[PDB]
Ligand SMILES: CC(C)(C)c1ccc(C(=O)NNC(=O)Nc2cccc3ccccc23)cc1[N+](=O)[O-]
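The data below hold one chain only, encoded as structure tokens and taken in the form deposited without the ligand.
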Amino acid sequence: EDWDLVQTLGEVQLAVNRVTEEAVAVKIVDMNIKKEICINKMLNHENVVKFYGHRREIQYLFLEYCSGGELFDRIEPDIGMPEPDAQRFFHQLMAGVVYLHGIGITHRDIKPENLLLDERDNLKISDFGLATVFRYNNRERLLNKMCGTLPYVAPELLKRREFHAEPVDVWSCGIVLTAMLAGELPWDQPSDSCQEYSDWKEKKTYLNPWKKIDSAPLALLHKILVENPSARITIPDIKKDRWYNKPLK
């Protein structure tokens, strides 16, 4: 029953059980947090950070501990990571996202800061403070709230009053893939005012980060980073992508 607050992780602390020595993460929030707990209660997947419980003393959330830390730290600046590790993390990111979308949940803030790694280096999607329901009773609800982080955010979120939830997450996963591959973020935001975004739209891939990316992965990125959320590739189709299914190492 008794957990020692060993150290601060993120506030968030690592907790080690007094008897077991088991490690768990405790998110400390002094009074969005009611919804974060609700959503956590629905989630069970090996690519999502497991929820253990909560106690209302200041609110305390008990979350799986990931020794590996954030994926952000596995990306070398201006370099990225070896293509096979990227693909592996991407396969796990996809499995995690498929799951969430299956139980009608959208994370809404997918970035390497929120993708934790366990001891086996297995990816876990983390932090559902911005997540919301986009399907209930088999009924889809369009989203209108602006959420996320600007480099990661999809273009429709900027230019449209309402948008579908799933293509938004798919876009951020592609930005994440781009970061793993090139060790850099392509633009500050996906807007025409942004010069870098325009260059991509114009297909100038001889520029960075795209120049650092092999043709097979890049072909997938062309499918993912499509301005029209209706034309954008969907997850079931990412699954059929050649690079996605390319044996690596």
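We call the rigid core whatever largest set of C-alpha positions still superposes within 1.5 Å between the two forms. A residue's number is simply how far along the shown sequence it sits, counting from 1.
Root-mean-square C-alpha deviation from the shown form, taken over all structures in 5 other deposited structures of this protein superposed by the rigid core, is larger for 14-22 than for the alternative among 14-22 and 221-229.
In this entry, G10 is separated from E11 by 4 to 9 residues of the deposited sequence that have no coordinates. A chain break between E57 and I58 is present, corresponding to 1 to 3 residues of the deposited sequence without coordinates. Checked against the record, the higher mean CA B factor of 171-179 and 146-154 lies with 146-154.
In this entry, the higher average B-factor at the C-alpha atoms falls on 187-195, of the pair 187-195 and 217-225. Split the chain's modelled residues into thirds by C-alpha temperature factor. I235 is in the lowest one. The deposited CA B-factor of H107 belongs to the lowest third of values across its chain. In this PDB entry, the Cα temperature factor of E119 sits in the top third of its chain's modelled residues, the highest group.
The next section is about a form of this same protein that is not shown, the form solved in complex with the ligand.
Candidate site formed by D73, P77 and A179: every one of these residues places a non-hydrogen atom within 4.5 angstroms of the ligand in the bound PDB entry. Interface residue among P112, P155, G148, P167 relative to the ligand in the bound PDB entry, by the heavy atom within 4.5 Å criterion: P112. In the bound PDB entry, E184 approaches the ligand with a heavy atom inside 4.5 Å.
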